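Taking it in order: structure first as structure tokens, then the write-up.
Cβ sites come from the backbone with ideal geometry, for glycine too, and all protein chains shown count toward neighbours. Any read-out appearing in this document is the output of simple, stated calculations on the displayed coordinates, not a laboratory observation.
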Amino acid sequence: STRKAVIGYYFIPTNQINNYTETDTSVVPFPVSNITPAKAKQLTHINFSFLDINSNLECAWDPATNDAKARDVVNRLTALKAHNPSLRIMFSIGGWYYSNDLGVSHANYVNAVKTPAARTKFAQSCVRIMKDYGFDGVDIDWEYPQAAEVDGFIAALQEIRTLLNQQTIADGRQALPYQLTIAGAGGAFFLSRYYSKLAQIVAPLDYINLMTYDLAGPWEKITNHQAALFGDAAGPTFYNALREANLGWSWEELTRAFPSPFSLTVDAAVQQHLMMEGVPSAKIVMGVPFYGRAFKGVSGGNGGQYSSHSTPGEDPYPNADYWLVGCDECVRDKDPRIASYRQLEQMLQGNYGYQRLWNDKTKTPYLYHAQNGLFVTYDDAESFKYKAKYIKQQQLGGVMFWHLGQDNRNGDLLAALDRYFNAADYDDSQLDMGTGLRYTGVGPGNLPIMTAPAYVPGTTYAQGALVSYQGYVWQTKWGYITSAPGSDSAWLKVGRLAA
Ligand SMILES: CC(=O)N[C@H]1[C@H](O[C@H]2[C@@H](O)[C@@H](NC(C)=O)[C@H](O[C@H]3[C@H](O)[C@H]4N=C(N(C)C)O[C@H]4[C@@H]3CO)O[C@@H]2CO)O[C@H](CO)[C@@H](O)[C@H]1O
Ligand SMILES: CC(=O)N[C@H]1[C@H](O[C@H]2[C@@H](O)[C@@H](NC(C)=O)[C@H](O[C@H]3[C@H](O)[C@H]4N=C(N(C)C)O[C@H]4[C@@H]3CO)O[C@@H]2CO)O[C@H](CO)[C@@H](O)[C@H]1O
């Protein structure tokens, strides 16, 4: 049917732009020339990261950026479109460093969306940047607007959308229209900031790119998979913050949608989006990490899973103990807590003491270093089989990943994703999705199809009775009920009738 989106972020820090070279990996580890024609054909979007919002409340490059070098790098990316007429080079505004609550530019995000006049100035600057540098759309990665900033954020997205649509007409770009996307939270605590207005946030977007990773890390006391597809009952569980969002729903409605505690998984985040009315599955893009998160000080028994650990959370990494054995990139980056898939392959292949283990509930791999007590959670071509099948089964828009420089040299992770979506000879009809814990919540936007006897006036219905009435299947919350379903508080809408 419709091709699945494959959205790869291209992350290049300012110092690498200013010293850009394609022949010295100690200066630029992943230059644009490493995105070969074959890789360009497997991507639908490359998202250049990151631009910012400056104190003038406009989209802007980092002011330390050499503009001539910046244009040269972007030009190399947009030249890739010669190999793929569906490919878009987006640019992304924000990222954790600029836009987190304590980030260096945070107040500029709050203020740029605060008023109609600020939103107009900001929205115009976005489109100006995208036309001036040759980008194909705008991606916003503010992590994250708070519940009170959400209305301004929504209006800013609406205003950018209108201007982009004007630009599509002006440039006759109907075959490849300019797009607007955001990177969204992939876990319930950050998602709760804007969850109640999710339909308004998604309406002006082509896609919402869920960051369904970083679900574990040094900030948690217990090691865990950072991107489990489904839940493991032996793993940690979390309070479901969505049940406290300002939804106006009843106790039964909240309980049916927001089981708590719950397993913090990719499936949970996807279902939490689908549960809301007006959030179409085709706009939801599942993020996947091309890096692993590493922990030290883990005590064995379960391959390092669900263990206490002694991994610092500070930034910069607080000392020079680069304890992730074999991680040469970690020495370069002065941080043993993150390793690219590229590096993880070499760590597993070398004489470094890792076992590769597999959790058949979460459908994810992990590395365990028994001698030193190390645990690494990551994703690979095998976990991507289950995630790609889930994307197809749930009719999602596609996949997103952070970031291109972390795939191995041959681009095997990207090639795998492309194969699972597009290869005629690839068959996952027999791929067993396992018995891991599914997120069981149901909301107005994902009512299952059900059948039930028609409601009959005068009949006294016990608690739990199911009837069909005016297009839906309803269940009594208590008994005995005689009211017509939907006329009072006694009936829960639990399903839809097939047309
Ligand atoms: C250019 C720069 O600011 N470098 C910073 C550095 O910032 C990076 C790192 O913190 C990245 N962390 C990891 C594990 O890669 C971080 O990546 C985030 C990104 O911000 C989020 N946005 C997405 N999208 C898909 C849109 O994914 C996430 C990823 C993965 O979590 O990106 C920031 C830049 O925002 O941080 C260090 C420490 O402060 C700093 O020294 C400097 O090198
Ligand atoms: C204390 C610490 O180590 N701070 C890190 C910082 O960690 C952040 C980010 O990695 C967030 N990643 C995002 C926003 O993409 C991370 O958010 C993850 C989060 O942990 C998962 N959990 C949720 N919840 C709702 C609980 O959602 C997902 C999100 C992704 O949506 O939160 C941690 C801790 O706050 O990362 C930066 C850059 O990597 C690093 O410099 C350092 O400051």
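Figures for the structure shown
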item: Ordering of 234-240, 221-227 by packing [mean C-beta count within 10 Å, highest first]; result: 221-227, 234-240
item: Per-peptide average of other Cβ atoms within 10 Å, ordering 70-82, 398-410, 423-435 highest first; result: 398-410, 70-82, 423-435
item: Gain upon complete extension [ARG409, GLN355; 0.36 nm per residue less C-alpha separation]; result: 17.2 nm
item: Angle between the chain longest axis and helix 412-422 axis [Cα atoms, degrees, rounded to 10]; result: 40 degrees
item: Greater than 24 Å apart at Cα, pairs in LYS131/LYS392; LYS41/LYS387; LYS334/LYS361; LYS385/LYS493; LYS39/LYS385; result: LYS131/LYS392; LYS334/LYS361; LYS385/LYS493
item: Principal-axis tilt of helix 116-133 within the chain, Cα atoms, nearest 10 degrees; result: 50 degrees
item: Mean Cβ count within 10 Å, highest first, over the residues of peptides 189-198, 291-300, 471-480; result: 291-300, 189-198, 471-480
item: Within segment 337-358, backbone nitrogen closer than 19 Å to the virtual label 7 Å beyond the Cα of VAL331 toward Cβ; result: 337-354
item: Cβ-derived FRET efficiency at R0 41 Å, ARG3 paired with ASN34, nearest 0.05; result: 0.95
item: In degrees, nearest ten, helix 150-170 long axis to first principal axis of the chain (Cα); result: 70 degrees
item: Length gained when the stretch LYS392-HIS83 is fully extended (0.36 nm per residue, less Cα-Cα span); result: 108.6 nm
item: Amide H contacts of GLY287 (H built 1.01 Å from N, under 5 Å, at least 5 apart or other chain); result: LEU210, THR212, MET400
item: All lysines inside 16 Å of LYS221 as judged from Cα atoms, apart from same-chain residues fewer than 8 positions distant; result: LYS296
item: FRET efficiency estimate (nearest 0.05) - Cβ-Cβ, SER281 to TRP251, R0 30 angstrom; result: 0.60
item: Kirkwood-type radius of the chain, with distances r between different C-alpha atoms, in Å; result: 24.2 Å
